[PDB]
Amino acid sequence: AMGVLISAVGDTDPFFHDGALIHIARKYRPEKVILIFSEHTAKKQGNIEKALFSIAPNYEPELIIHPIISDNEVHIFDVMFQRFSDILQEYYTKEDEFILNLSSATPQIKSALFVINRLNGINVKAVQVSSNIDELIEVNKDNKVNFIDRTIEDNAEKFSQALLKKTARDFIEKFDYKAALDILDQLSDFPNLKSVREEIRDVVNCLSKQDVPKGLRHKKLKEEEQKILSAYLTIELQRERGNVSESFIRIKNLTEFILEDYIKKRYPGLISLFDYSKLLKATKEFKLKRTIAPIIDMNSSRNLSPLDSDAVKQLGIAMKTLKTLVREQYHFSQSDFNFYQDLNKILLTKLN
Amino acid sequence: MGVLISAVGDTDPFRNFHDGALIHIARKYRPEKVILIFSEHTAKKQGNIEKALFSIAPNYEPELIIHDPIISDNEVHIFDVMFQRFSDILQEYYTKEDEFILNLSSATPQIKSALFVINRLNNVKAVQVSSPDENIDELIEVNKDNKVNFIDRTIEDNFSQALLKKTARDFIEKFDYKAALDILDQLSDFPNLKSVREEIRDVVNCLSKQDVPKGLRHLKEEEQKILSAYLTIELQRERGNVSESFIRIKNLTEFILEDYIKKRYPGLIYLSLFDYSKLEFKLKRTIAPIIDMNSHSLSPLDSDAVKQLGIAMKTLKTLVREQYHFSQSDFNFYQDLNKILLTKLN
């Protein structure tokens with residue numbers, strides 16, 4: 001990797017103490033002295049060099065002269081950004097660092113450098129500087145090894161990630177872990193990366209597989225619990241999203257899973273929903289038939305290739321009878337019915 | 001409402017022959033809310049700026065907002081300081097309903113920079129006006145651009161939205177309509193925007209309730225369905241919802257194997273797939289894999305089952321095309337819609 005200072009050369013460069021460029025270049029000690037001079041920054045072409053080189057021998061750089069800058073369009077706003085946005089675009093800096101040495105030059109440039117660096121969503125440093133050719137280049141106030149380095153970098157989020165974060169966040173809170181996941185995998189290194197990713201990752205993987213997610217692998221009463229929880233929220237979570245045709249499947253599963261669970265106990269089996277429906281009466285069932293009814297009104301009603309509109313309610317009304325249904329047959333908890341709410345709350349706040 | 005948050009700089013109106021940034025910019029884009037945050041120096045020309053503004057032309061005098069806090073002359077040349085000072089100013093009136101211009105010309109250059117910084121970083125726009133006390137009427141009357149016909153050198157340049165766009169692209173390119181939708185939903189107005197959304201929405205809506213997308217509605221009535229369901233199943237596999245495939249495939253075969261014996265011999269004898277498997281010695285060798293997926297209890301799918309979710313897809317795929325001639329002109333619908341969509345977004 002090498003360091004390229006994609007920095008211009010205004011009135012300040014190169015000159016008791018040196019100029020932002022001199023300092024900028026001198027302090028960061030790079031391997032690419034990118035210089036995009038302008039109409040006035042012609043003159044300084046001559047000495048600017050003599051400065052950069054003559055600072056210290058046996059420390060030789062790349063001094064690449066930039067399309068001269070536009071003696072008129074060097075105080076033009078959007079132009080400044082357009083030129084520079086290109087200038088940055090030129091040397092993409094795949095595996096090197098850009099020294100956006102935007103401390104010196106014409107206002108527009110300075111502003112523009114910043115907006116570039118600050119915008120520029122990747123590893124590229126934006127920088128500032130706080131305030132006889134060979135003659136001056138001898139008595140330079142920072143012409144030694146151990147000098148007061150006034151160079152101080154920006155150290156921002158890049159703001160690229162900002163949108164990324166926000167935009168990925170809104171999905172996690174939107175209940176869309178798949179969305180969130182992808183968002184996140186784009187996101188460049190960040191502490192709470194692992195915890196966001198790893199978390200999202202475990203949630204993702206688990207859901208698809210049809211296992212308990214190995215996060216909500218809580219101390220439940222065997223598979224029947226974990227799975228019974230895992231499903232119970234697979235449908236809930238699901239219903240949260242969109243898949244209003246997922247419900248039917250999930251429910252009709254559980255509607256059975258538990259249906260067979262209770263039947264397995266009361267009147268030990270001793271052998272569809274109509275198998276439930278019939279079994280309900282004769283086999284120590286009465287109150288369960290009321291419960292299991294609407295549940296079994298949806299599954300039969302659901303059944304062509306059309307989709308009713310009262311079903312959009314029947315789904316809802318199905319859920320309460322499926323939530324309520326499970327609470328009875330198994331005594332879970334609202335503390336353990338927040339699995340993902342927690343996940344989201346730990347998650348969201350881990351994002352922040 | 002169009003409300004420009006303009007600085008109150010020294011070269012205000014009375015800035016030579018032509019009109020002066022503030023008043024200049026203001027006229028050009030005729031705003032309804034002439035937002036002005038005036039600092040210590042510019043505090044003098046507080047009244048004048050009112051005269052010129054209003055005296056620019058009648059039947060177009062907006063309610064101007066004198067900035068709530070006086071600007072301090074310690075933040076004149078103030079670099080980042082003004083950036084903050086700006087940062088808050090913008091935040092004060094988010095007015096996502098309305099739109100804003102950040103007058104490039106304003107006053108101290110730092111405040112300028114900030115005004116830019118504010119605008120670049122992130123609904124409201126801004127453009128400066130390229131170059132050429134107590135005058136009052138003297139200034140206004142003999143104004144060099146003080147007449148309806150004037151040269152509009154106030155020309156502004158034209159990021160986050162772009163980034164969001166691409167962000168939302170990939171989702172469409174991943175075949176995630178909900179995603180794409182979302183990132184669109186928030187997105188602002190654009191030329192393709194309507195269509196990119198409109199279709200997206202119709203496809204989500206179309207996929208939502210058991211019906212067939214507007215586009216996909218081009219075959220007979222049912223054939224639309226028999227097929228318009230399939231691509232459902234195909235879209236499924238795309239985004240790893242393996243769980244959905246089984247019941248789609250299942251519903252698929254039988255919706256067809258039945259709608260195939262409807263005419264090839266009405267028969268009576270829910271009609272389970274086990275029933276169809278009995279009722280065509282040749283057919284009963286092609287729909288074997290679909291009957292292989294017949295045989296869970298809250299349990300998961302072993303590594304192998306994900307294969308079955310595939311051989312069956314080849315079972316149902318070839319099953320679709322065989323019994324109904326459709327052609328790869330159909331089962332590219334979404335392959336195209338991607339390309340239409342993506343082309344569109346461009």
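Only a single item in (1) of a type in the set (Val, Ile, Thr); (2) surrounded by fewer than 22 Cβ atoms within 10 Å (Cβ to Cβ); (3) under 23 Å from B:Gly2 (Cβ atoms) is not met by B:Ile37, and it is number (2). Would you please name the residue that is farthest from the other protein chains (Cβ to nearest Cβ), looking only at residues in the range B:231-248 that are part of a helix (DSSP H, G or I) and of a type in the set (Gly, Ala, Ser)? By that ranking, first place goes to B:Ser245. Here A:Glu198 passes the criteria (1) surrounded by 18 or more Cβ atoms within 10 Å (Cβ to Cβ); (2) away from chain B (no Cβ under 13 Å); (3) within 30 Å of A:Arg169 (Cβ to Cβ) except the one numbered (1). The residues listed here are B:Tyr29, B:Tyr60; of these, the one that is within 20 Å of B:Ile118 (Cβ to Cβ) and of a type in the set (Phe, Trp, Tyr) is B:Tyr29. Restricting attention to the range B:180-216, the residues being small (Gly, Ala, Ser) and more than 20 Å from the chain's Cα centre (by Cα) number 2.
Every residue, every condition in (1) within 8 Å of chain A (Cβ to nearest Cβ); (2) farther than 18 Å from A:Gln186 by Cβ, yes or no:
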| position | (1), (2) |
| --- | --- |
| B:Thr154 | no, yes |
| B:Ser160 | yes, no |
| B:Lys174 | yes, no |
| B:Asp202 | no, yes |
| B:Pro213 | no, yes |
| B:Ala229 | yes, yes |
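Determine whether the range B:218-227 contains at least one residue that is facing chain A (nearest Cβ under 10 Å), closer than 24 Å to A:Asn205 by Cα and either polar (S, T, N, Q) or touching a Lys or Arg at 6+ places or on another chain (Cβ under 8 Å) (or both). No; the residues of the range B:218-227 include none that is facing chain A (nearest Cβ under 10 Å), closer than 24 Å to A:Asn205 by Cα and either polar (S, T, N, Q) or touching a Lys or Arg at 6+ places or on another chain (Cβ under 8 Å) (or both). Taking the range A:280-352 as the region of interest, the helices (runs of 4 or more DSSP H) fully inside it that hold 3 or more residues being assigned by TED's automatic domain parsing to the domain that holds A:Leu259 and under 30 Å from A:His218 (Cα atoms) are A:287-302, A:311-329. Kindly establish whether B:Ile89 is away from chain A (no Cβ under 11 Å), at negative phi and touching a helix residue (DSSP H, G or I) at 6+ places or on another chain (Cβ under 7 Å). So B:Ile89 fails the test. The residue that is farthest from B:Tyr230 (Cα to Cα), among those in the range B:255-295 that are of a type in the set (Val, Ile, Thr) and away from every other protein chain (no Cβ under 12 Å), is B:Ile269. Residue pairs whose Cβ atoms lie under 8 Å apart, separated by 6 or more positions or on different chains, with the first residue in the range A:188-208 and assigned to a loop (DSSP other than H, G, I, E, B) and the second among the charged types (D, E, K, R), are A:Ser188/A:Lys158; A:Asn192/A:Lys350. Take A:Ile251 and decide whether it is more than 28 Å from B:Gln186 (Cα to Cα), more than 11 Å from chain B (Cβ to nearest Cβ) and either crowded, with 22+ Cβ neighbours inside 10 Å or aromatic (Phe, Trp, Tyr) (or both). Taking the combined requirement at face value, the residue satisfies it. Scanning the range B:296-339 for residues that are buried (at least 18 other Cβ atoms within 10 Å of the Cβ), β-branched (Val, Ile, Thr) and within 14 Å of chain A (Cβ to nearest Cβ) yields one hit, B:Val320. Across the range A:123-164, the qualifying residues are those that are aliphatic (A, V, I, L, M), in contact with a helix residue (DSSP H, G or I) (Cβ under 7 Å, 6 or more places away or on another chain) and assigned to a loop (DSSP other than H, G, I, E, B), and the one among them that is surrounded by the fewest Cβ atoms within 10 Å (Cβ to Cβ) is A:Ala156.
What is reported rests on the model, the rules as stated and the sources as named; these are not laboratory values. FYI the Cβ positions are ideal-geometry reconstructions off the backbone, even for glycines, and counts take in every protein chain you see.
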